[PDB]
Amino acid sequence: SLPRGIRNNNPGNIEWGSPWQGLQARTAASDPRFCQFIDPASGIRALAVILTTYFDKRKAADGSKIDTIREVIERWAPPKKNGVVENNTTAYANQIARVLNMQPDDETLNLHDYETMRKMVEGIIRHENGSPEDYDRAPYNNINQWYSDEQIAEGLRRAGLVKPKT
């Protein structure tokens, strides 16, 4: 059994809410909680756009700017309003900061930069879905491991991001 995000062409595990381009019609057989996309490029594109919507916000709930990996991941993976106190959001931010080789409170973060967005998207995909080797698949030689470099690039291109090339 593949992870839910990969089965759904929704490797970010985006919850139903916005009618992203490339969604399947929702039916009685649909995933009850998470978006299902017709192709991986559409799911990857939606993930890049969601992260851009957070980054483009001036201020977070806590009153602080949204201009750092910590503040972007706080929006992406928010804690619950009540129930058991748990620090999954802090661990998630630290893990993505390691993927970017940046400190979580570095305010030079630019998610309009192709390479920065690529590393954050790929980090989230690998975090949400685990190792392809755990599902008896060969990982691709990249951060995300589930999708080819070409599949990641097509998602990001569709989200408007420009990789400088020679």
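The numbering used is simple: start at 1 and walk along the sequence shown.
K.L.:
Using only C-alpha atoms and the B-factors in the entry, which stretch averages higher, 62-70 or 124-132?
P.N.:
So the stretch with the higher mean C-alpha B-factor is 62-70.
K.L.:
Which is higher on average in the deposited entry, the C-alpha temperature factors of 76-84 or of 91-99?
P.N.:
Going by the record's values, the stretch with the higher mean is 76-84.
K.L.:
According to the PDB entry, is the CA B factor of residue 115 in the bottom, middle or top third of its chain, that is, lowest, middle or highest?
P.N.:
Lowest third of the chain for residue 115's C-alpha B-factor.
K.L.:
Ranking every modelled residue in this chain by its Cα temperature factor as given in the entry, which third contains residue 142?
P.N.:
Ranked within chain, residue 142 CA B lands in the lowest tercile.
K.L.:
Per the entry's values, where does residue 104 land by CA temperature factor relative to the rest of its chain, in the lowest, middle or highest third?
P.N.:
For residue 104, the deposited C-alpha B-factor lands in the middle third.
K.L.:
Mind checking which third residue 156 falls in for C-alpha B-factor across the chain?
P.N.:
Middle third by C-alpha B-factor.
K.L.:
Residue 29: which third of its chain by C-alpha temperature factor?
P.N.:
Highest third.
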